[PDB]
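Peer 1: coords below, sequence missing:
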Ligand SMILES: CC(C)CN(C[C@@H](O)[C@H](Cc1ccccc1)NC(=O)O[C@H]1CO[C@H]2OCC[C@H]21)S(=O)(=O)c1ccc(N)cc1
């Protein structure tokens, strides 16, 4: 699908059997999601943006279905105000910016 | 132009006669730029992000030429770690996400 940016580019994602909504965020290097449980080993890491930094748990090689498109990659879990799908996963589904 | 997301979608902007590089940030409602003089009036405001909030000065109806495309809209000026072109201006140049 093509998506215009008049409204927030929100899409439905399915991860770990859960349904959620997330931003297609071209300004995000990595994918950050609200608090939730995921499988495997995770390591504590810290990410930052506008306003400061937060503490998240890094899960690697996590399967996600972003608007029906599958991708496996790193997923950070922590107190983010919004679920954002970063470039690490946007690349996997072949998303591009066009103007 | 189409733009892949394997590297940060940086583009050159011309604003107030100055040249700068900025992110095409679909996750950003509005445009936020590093400190700089913007001829005209403004009002103090506060935007929030991943890990906190910053104090920025709001300028309205500011001309920016993004990657050769002209647009006029609100531009926030403050201690942002990076210059990001938000949806308020991305819509003006007809930017879309495609996958
Ligand atoms: C909080 C988000 C929903 C929206 N943000 C834009 C987002 O793309 C920022 C834009 C951004 C980019 C670089 C530095 C600061 C902010 N990136 C970000 O927070 O990503 C973090 C997770 O992945 C990592 O990638 C870099 C930062 C980390 S934001 O910076 O807070 C923002 C909010 C409001 C406006 N008008 C403009 C920008």
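Peer 2: Ah, there it is. Numbers count the residues shown, from 1 in each chain, chains lettered A, B, ... in the order given.
Peer 1: quick one: residue A:35 and residue A:76 touch, right?
Peer 2: No - applying CB atoms under 8 Å as the test, residue A:35 and residue A:76 come out as separate, 11.2 Å apart. To be clear about C-beta, it is placed using only N, CA and C from the backbone, and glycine gets the same treatment.
Peer 1: between the two, who's got more neighbours?
Peer 2: Neighbours were counted for residue A:35 and for residue A:76 using other CB atoms under 10 Å in any protein chain shown; residue A:76 has more, 24 against 10.
Peer 1: Now the more buried one: closest residue in space, sequence neighbours ignored.
Peer 2: Residue nearest to residue A:76 in three dimensions, not counting chain neighbours: residue A:56, with 4.1 Å by CB to CB, 6 or more residues apart in numbering or on different chains.
Peer 1: can you check residue A:24 too?
Peer 2: Nearest to residue A:24 is residue A:9, by CB to CB, 6+ apart, at 4.2 Å.
Peer 1: Would you mind measuring from the one you found to residue B:78?
Peer 2: 24 Å (CB to CB, to the nearest Å).
Peer 1: Please apply the same query to residue A:41.
Peer 2: Distance from residue A:41 to residue B:78, by CB to CB: 39 Å.
Peer 1: residues in contact with the residue nearest to residue A:3 when sequence neighbours are not counted?
Peer 2: Spatial nearest neighbour of residue A:3, chain neighbours left out: residue B:97 (4.2 Å); criterion: CB to CB, 6+ apart. With contact set as CB atoms under 8 Å, 6 or more residues apart in numbering or on different chains, residue B:97 has these partners: A:2-3, A:5, A:9, A:24, A:26, A:95-98, B:26.
Peer 1: Let's have these in JSON lines, adding secondary structure.
Peer 2: Output for these, formatted as JSON lines (DSSP: H, G, I helix; E, B strand; the rest coil):
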{"residue": "A:2", "secondary structure": "strand"}
{"residue": "A:3", "secondary structure": "strand"}
{"residue": "A:5", "secondary structure": "coil"}
{"residue": "A:9", "secondary structure": "coil"}
{"residue": "A:24", "secondary structure": "strand"}
{"residue": "A:26", "secondary structure": "coil"}
{"residue": "A:95", "secondary structure": "coil"}
{"residue": "A:96", "secondary structure": "strand"}
{"residue": "A:97", "secondary structure": "strand"}
{"residue": "A:98", "secondary structure": "strand"}
{"residue": "B:26", "secondary structure": "coil"}
